Amino acid sequence: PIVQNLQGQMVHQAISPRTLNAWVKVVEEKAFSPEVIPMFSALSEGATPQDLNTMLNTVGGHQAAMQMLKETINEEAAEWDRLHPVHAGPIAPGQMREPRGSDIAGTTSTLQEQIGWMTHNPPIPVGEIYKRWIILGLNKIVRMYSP
Amino acid sequence: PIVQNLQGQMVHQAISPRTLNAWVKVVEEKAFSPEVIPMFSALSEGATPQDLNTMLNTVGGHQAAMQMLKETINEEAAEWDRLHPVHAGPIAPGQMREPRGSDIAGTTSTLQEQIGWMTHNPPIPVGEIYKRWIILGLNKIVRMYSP
Amino acid sequence: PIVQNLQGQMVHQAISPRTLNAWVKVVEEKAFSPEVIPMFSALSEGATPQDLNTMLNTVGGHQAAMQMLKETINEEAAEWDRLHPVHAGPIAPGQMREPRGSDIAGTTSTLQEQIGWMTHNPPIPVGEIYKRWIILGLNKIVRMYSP
Amino acid sequence: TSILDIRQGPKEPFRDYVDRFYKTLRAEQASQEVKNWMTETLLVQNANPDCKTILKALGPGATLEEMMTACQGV
Amino acid sequence: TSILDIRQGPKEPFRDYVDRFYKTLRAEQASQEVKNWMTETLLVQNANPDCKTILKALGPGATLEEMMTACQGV
Amino acid sequence: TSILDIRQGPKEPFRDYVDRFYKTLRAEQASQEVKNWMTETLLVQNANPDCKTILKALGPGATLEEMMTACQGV
């Protein structure tokens with residue numbers, strides 16, 4: 001995640017193993033139950049896309065759901081690209097590039113790039129955009145997996 | 001691992017026992033399952049070759065796989081030496097030596113040497129080269145150990 | 001152990017109880033198994049002789065092995081004294097004394113003395129000398145305790 | 001176990017089968033296009049006659065929530 | 001137990017035997033060259049007739065994934 | 001399971017039923033006004049005859065502690 005250091009700057013720090021394991025354990029115990037979404041939200045505080053793929057990729061089991069989510073993440077990403085067209089002409093030397101759906105999904109962007117966008121002024125909340133897609137896709141799952 | 005200190009420099013700090021034990025426990029529980037690879041990747045964040053041999057050497061059980069991996073690590077290392085020949089003439093006093101496959105595997109290099117290469121400017125990512133060999137060798141294992 | 005402080009000096013800090021207990025638990029669970037040696041090596045990072053006797057003295061059980069090790073430690077120590085004779089004439093006021101086998105084993109030296117040798121410039125690696133004796137004696141044990 | 005060896009039981013819920021499929025698909029490393037081909041093809045093909053019948057009625061263009069709700073009583 | 005005493009059962013999968021071998025090999029401390037000699041030699045020699053037969057057909061130059069997949073049905 | 005499928009048993013305490021209701025209501029994502037409509041309507045409607053009778057006597061304007069204490073002996 002990207003956290004604020006004592007000095008008063010935003011720097012990246014790694015997520016903790018008993019945080020990781022707590023994510024694992026939630027999924028083990030409460031599967032598709034709604035409490036998973038606030039839980040997720042708390043444990044995703046200050047998290048990167050990269051950390052969010054890590055969390056999704058580290059799941060075991062419920063592979064039908066994991067595939068449905070993936071496909072929702074790509075749909076929501078396809079929709080990001082649709083709604084926000086690429087911008088006019090070449091990229092400025094003085095500036096950094098606008099993200100695509102796949103940069104938001106973490107796929108085409110690097111960590112330093114993910115830190116550029118979030119730490120820069122104005123900052124862009126690529127975590128929160130992926131977060132809604134995850135929560136939206138979580139609703140899809142919850143609604144389906146209701147019996 | 002080699003981590004950034006508060007002062008704003010990269011210094012080595014030792015890996016934690018409940019990190020060690022979490023590595024052990026993953027292997028105990030999920031054996032050859034694919035979730036082991038992202039898991040590995042997270043727990044190998046900022047890790048040295050030396051720490052990576054420590055993690056491999058501390059395994060118990062699955063010795064056929066551990067031998068297959070070793071032999072993959074040496075093959076990938078042999079390939080490093082092949083692709084990157086040694087450089088022209090004697091080593092400069094002002095400079096530090098280029099790594100071989102065995103320095104990447106941690107074998108012929110010392111820790112201070114592993115810190116020289118990574119902390120120096122430009123830095124060389126000898127962790128990430130070993131990491132791919134580990135991940136590649138992990139694919140070999142996963143594919144074999146599928147039933 | 002002797003660790004580096006934030007200020008940038010090497011100072012002694014005590015070893016942790018859940019480190020101690022992790023040493024205990026390893027021995028409980030894996031007895032004479034080879035994984036004990038890398039494990040030992042990691043948990044002995046930056047450790048003193050004094051801390052190494054503490055770890056050996058805190059063992060329960062396997063007393064035949066513990067005696068074989070002791071006797072190996074004294075043999076290796078006797079050998080240190082043999083190979084390295086005492087030096088010419090009286091000890092200088094400006095200097096500190098050379099170690100013997102028993103200073104390496106921690107027996108005849110005090111902690112402040114163990115910190116003098118290691119922190120001083122050049123430093124002498126009395127931990128690493130005892131460490132080899134421990135590892136060597138660990139090989140003796142492992143080879144015997146193979147069935 | 002190979003991906004071709006993944007098949008649905010005569011009493012096994014589709015759901016439990018689809019989970020097995022994307023777990024094994026999760027251990028396949030092939031290009032995405034090939035894995036898309038595997039998805040539309042092999043899944044239905046090794047599905048049981050009763051659900052297979054059901055899935056044929058969904059036609060093409062179908063998505064996983066609709067397949068998964070379609071074969072629920074079977 | 002000595003490395004010479006490591007042998008494959010008549011019903012024991014090779015795989016379970018190869019694990020035993022590199023565990024015991026893991027408690028041998030000999031030069032690498034000697035341990036290479038042990039690998040190519042002793043492993044096959046104490047392997048069971050049915051797999052032994054199989055391994056003879058792989059010829060020399062063979063690696064562990066190919067040996068391990070070669071004696072799987074045995 | 002759908003919210004319409006939530007009903008009170010003939011021997012089931014209302015209390016255990018009301019818990020089931022706001023759990024399933026907890027998995028409905030509808031506007032608050034609709035969820036208010038569901039509260040006053042569906043809860044009583046799928047309540048058992050003995051308690052249903054009881055709840056009709058509370059009249060409108062009733063709150064959950066009073067409903068929950070009202071159908072306790074039933």
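Details of the structure are given in the entry above.
What counts and what doesn't
- Residues numbered from 1 in each chain as written, not as in the entry; some residues may be left out.
- Chains lettered and ligands numbered in written order.
- Part of a larger assembly, values for the part shown.
- Heavy atoms only, no water.
- Residues with missing side-chain atoms left out of burial classes, pairs and counts.
- Helix = DSSP H or I, 4+ residues; strand = E, 2+ residues; numbered from the N terminus.
- Rg over C-alpha atoms; globule rule 2.2 N^0.38 Å.
- Contact = heavy atoms within 4.5 Å.

## Brief notes about the overall build of chain A
So, step 1. Looking only at helices and strands, one finds 7 helices and 2 strands in chain A.
So, step 2. Structurally, chain A occupies a C-alpha span of about 55 × 40 × 20 Å along its principal axes.

## Notes on the overall build of chain D
So, step 1. For chain D, the count of helices and strands is 4 helices and 0 strands.
So, step 2. Along chain D, from the amino end to the carboxyl end, the secondary structure elements read α-α-α-α.
So, step 3. Compactness check: chain D gives a C-alpha radius of gyration of 12 Å against a globular reference of 11 Å for 74 residues, within 12% of the reference.
So, step 4. Oriented by its inertia axes, the alpha-carbon framework of chain D measures out at about 35 × 25 × 15 Å.

## Focus on the arrangement of the chains
So, step 1. Taking C-alpha atoms as the reference, chain A and chain B come no closer than 5 Å and do not contact one another.
So, step 2. As for chain D relative to chain C, no contact occurs, and the smallest C-alpha gap between them is 30 Å.

## As for the environment of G46 of chain B
All names here are of chain B.
So, step 1. Inspection of the secondary structure puts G46 in the loop between α2 (36–43) and α3 (49–57).
So, step 2. It is 17 Å that separates the C-alpha atoms of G46 and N121, two residues lying 75 residues apart in sequence.
So, step 3. The contact partners of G46, leaving out residues within four places of it in the chain, are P1 and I2.

## Here's the deal with unusual backbone geometry
So, step 1. Omega for the peptide link from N121 of chain A to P122 of chain A comes to -10°, which places this bond in the cis form.
So, step 2. Located in the positive-phi region is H62 of chain A, a residue other than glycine, with phi close to 45°.
So, step 3. Along the chain, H62 of chain A turns up in the loop between α3 (49–57) and α4 (63–83).
So, step 4. Its identity is not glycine, yet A31 of chain C carries a phi of approximately 45°, on the positive side.
So, step 5. Considering the arrangement of structural elements, one finds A31 of chain C in the loop between α1 (17–30) and α2 (36–43).

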